[PDB]
Amino acid sequence: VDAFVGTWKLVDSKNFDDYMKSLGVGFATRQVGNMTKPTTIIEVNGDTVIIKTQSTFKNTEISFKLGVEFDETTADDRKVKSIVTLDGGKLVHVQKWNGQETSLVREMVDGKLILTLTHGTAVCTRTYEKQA
């Protein structure tokens, strides 16, 4: 947990396009929404954490409890049952809807929070760099 705490800046990412051009989390919108996520606030809370997708066009935020599943709708997932936990030092967000699921596994080693976004077909590396 002792990493996530703070405000991050997106640095490296690719393949959002493909991934949405299949998942249906844009199929168009993500052609800009691929890039347009410069900041992400990650406020750890007591037993919990809240993500704040601070960007220009489109913002989202949701609270999640490491060790629970919650049914919730981010604009860029739709309604999905997110199960979150922390294995070793890896924040595994598995994201279970129905016909498929996806995985949003987060870790910081070195100085970058690497988020591996993996679905039933398609992958994206999404990397975040602590700005504050």
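The sections below set out a description of the structure shown in this document.

**Here we look at a nonpolar patch on the surface**
Part 1: A contiguous nonpolar patch, built from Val1, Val5 and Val44 and spanning about 210 Å² of accessible area, is present on the exposed surface.
Part 2: Its place among the elements puts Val5 in the segment before strand 1 (6-13).

**A few points about the environment of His93**
Part 1: With respect to the helices and strands, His93 occurs in strand 7 (residues 90-96).
Part 2: On a C-alpha basis, the gap between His93 and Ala75 in space is 17 Å, while along the polypeptide they are 18 residues apart.
Part 3: Residue contacts for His93: discarding those within four places in its chain leaves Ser82, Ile83, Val84, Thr102, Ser103, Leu104 and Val105.
Part 4: Among the polar contacts made by the side chain of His93, one reaches the side chain of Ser82 at a distance of 2.7 Å.

**What about the pattern of salt bridges?**
Part 1: This model, assessed by the stated rule, comprises 9 salt bridges.
Part 2: When the shortest N-O distance is used, the salt bridge between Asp47 and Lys65 registers 3.9 Å. Note that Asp47 is positioned in the loop between strand 2 (39-45) and strand 3 (48-53) and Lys65 in the loop between strand 4 (60-64) and strand 5 (68-74), a separation of 18 residues in sequence.
Part 3: Assessed through its relative accessible area of 26%, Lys65 is described here as partly exposed.
Part 4: A network of salt bridges, in which partner residues are shared, links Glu69, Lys81 and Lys96.

**Considerations on the layout of surface pockets**
Part 1: As a volume, the largest pocket reaches approximately 300 Å³.
Part 2: The wall of the largest pocket is formed by 17 residues, among which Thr29, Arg30, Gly33, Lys58 and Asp76 lie closest to the centre.
Part 3: Examining the composition of the lining of the largest pocket, we find that 3 residues originate from one element, helix 2 (residues 30-33), more than from any other.
Part 4: Class assignment for the residues of the lining of the largest pocket results in 4 nonpolar, 8 polar and 5 charged.

**Remarks on unusual backbone geometry**
Part 1: Residue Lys58 is not a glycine yet carries a positive backbone phi of 80°.
Part 2: Structurally, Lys58 can be placed in the loop between strand 3 and strand 4.
Part 3: One non-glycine residue, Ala122, lies in the positive phi region at around 80°.
Part 4: With a relative accessible area of 16%, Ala122 lands in the buried category.

**Brief notes about empty space enclosed by the protein**
Part 1: Within this structure, the stated rule accounts for 2 cavities of 30 Å³ or more.
Part 2: Taken as a whole, the largest cavity encloses approximately 450 Å³ of empty space.
Part 3: Taken together, 30 residues line the largest cavity, and the ones lying closest to its centre are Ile51, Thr74, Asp77, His93 and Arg106.
Part 4: Of the residues in the lining of the largest cavity, the class split is 14 nonpolar, 8 polar and 8 charged.
Part 5: Taken as a whole, the second largest cavity spans an internal volume of roughly 30 Å³.
Part 6: In this structure, the second largest cavity is lined by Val1, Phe4, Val49, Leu66, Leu86 and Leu91.
Part 7: The residue makeup of the lining of the second largest cavity, split by class, is 6 nonpolar, no polar and no charged.

**Remarks on the pairing of strand 2**
Part 1: Sheet topology places strand 1 next to strand 2; 4 bridges connect them, and they run antiparallel. Of the residues in strand 2, the one forming a bridge with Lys9 is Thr39.
Part 2: Inspection of the sheet shows strand 2 paired to strand 3 by 5 bridges, in the antiparallel sense. Paired with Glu43 across the two strands is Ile50, which belongs to strand 3.
Part 3: Hairpin geometry of strand 2 and strand 3 is characterised by an intervening segment of 2 residues between the two adjacent antiparallel strands.

Criteria and thresholds
Residues numbered from 1 in each chain as written, not as in the entry; some residues may be left out. Heavy atoms only, no water. Patch = residues over 30% accessible without salt bridge, like charges linked within 9 Å, V, L, I, M, F, W, Y side chains within 5 Å. Areas by Shrake-Rupley, 256 points an atom, 1.4 Å probe, with all protein chains shown as cover. Salt bridge = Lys/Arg side-chain N within 4 Å of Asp/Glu carboxyl O. Helix = DSSP H or I, 4+ residues; strand = E, 2+ residues; numbered from the N terminus. Contact = heavy atoms within 4.5 Å. Polar contact = N/O pair within 3.5 Å; in protein donor to acceptor, adjacent residues only side chain to side chain. Buried < 20%, exposed > 50% of the residue type's maximum accessible area, 1.4 Å probe, protein only. 1 Å grid on protein atoms, 1.4 Å probe; cavity = no way out; pocket = protein on both sides within 12 Å on 5 of 7 lines; lining within 4 Å. Points joined across faces, edges and corners; volume = space filled by probe spheres on them. Nonpolar A, V, L, I, M, F, W, Y, C, P; charged D, E, K, R; others polar. Pairing = 2+ DSSP bridges.

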